[PDB]
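Enquirer: Just dropping in an experimental structure and the matching sequence.
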Amino acid sequence: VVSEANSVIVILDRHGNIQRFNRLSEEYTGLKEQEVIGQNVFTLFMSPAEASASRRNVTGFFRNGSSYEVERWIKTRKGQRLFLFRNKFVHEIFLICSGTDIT
Ligand SMILES: CCCCCCCCCCCC(=O)O
């Protein structure tokens with residue numbers, strides 16, 4: 001393998017359903033992209049409190065959002081890890097979430 005990425009890159013629709021899920025996301029979670037496409041990111045990867053906040057953010061973003069950053073605790077194969085997500089529309093029906101593990 002020539003190189004590796006440094007970010008967890010997840011693309012979502014307005015419902016939080018997953019459209020793409022990169023290799024580092026697979027490494028953190030133990031789940032393959034093919035296993036998670038169409039699945040809901042909030043219920044799959046967040047505690048109830050984080051999911052509720054995150055779902056409201058995404059729904060609000062699709063209404064009138066500008067690109068933004070947020071910190072989210074995420075359930076991984078070694079417990080919860082904190083990520084900075086840089087979120088923006090595709091250059092709109094999909095949201096690109098560009099995450100760094102900031103734990
Ligand atoms: C480790 C990969 C799995 C986590 C992907 C989560 C997507 C984050 C969406 C955050 C939106 C928000 O809370 O404002």
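Expert: Right, received. Where do you want to start? Residues are numbered from 1 along each chain as shown.

Enquirer: okay, CA-based contacts and neighbour counts for the rest of this
Expert: OK.

Enquirer: For stretch 95-103, buried residues please.
Expert: Under the neighbour-count criterion of 16 or more other Cα atoms under 10 Å, stretch 95-103 has 95-101 buried.

Enquirer: cool, stretch 28-37 as well?
Expert: Buried-residue list, stretch 28-37, by 16+ other Cα under 10 Å: 28-29, 33, 36-37.

Enquirer: for stretch 46-63, same thing?
Expert: 46, 50-51, 54-55, 58, 61-62.

Enquirer: So which bits of this protein are right by the ligand?
Expert: 8, 10, 25, 28, 41, 45, 54, 57-58, 70, 74, 97 (Cα under 6 Å from any ligand atom).

Enquirer: From those, which land in helices?
Expert: 25, 28, 41, 45, 54, 57-58 (DSSP state H).

Enquirer: Of all pairs in these, which one is the farthest apart?
Expert: Largest separation among these by Cα to Cα: 28 and 57, giving 23.1 Å.

Enquirer: Which residues does stretch 36-53 contact?
Expert: Contacts to stretch 36-53, defined as Cα atoms under 8 Å, 6 or more residues apart in numbering, come from residues 12, 15-21, 54-55, 72-76.

Enquirer: Now, these that are in strands?
Expert: Among the contacts of stretch 36-53, DSSP state E puts 12, 18-21, 72-76 in strands.

Enquirer: Using a markdown table, please lay out the residues you listed together with neighbour count and distance to residue 2.
Expert: As requested, those are exported to a markdown table (neighbours: other Cα atoms under 10 Å; distance: Cα to Cα, whole Å):
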| residue | neighbour count | distance to residue 2 |
| --- | --- | --- |
| 12 | 23 | 28 |
| 18 | 21 | 27 |
| 19 | 19 | 25 |
| 20 | 16 | 22 |
| 21 | 21 | 20 |
| 72 | 20 | 30 |
| 73 | 20 | 30 |
| 74 | 22 | 28 |
| 75 | 16 | 28 |
| 76 | 18 | 25 |
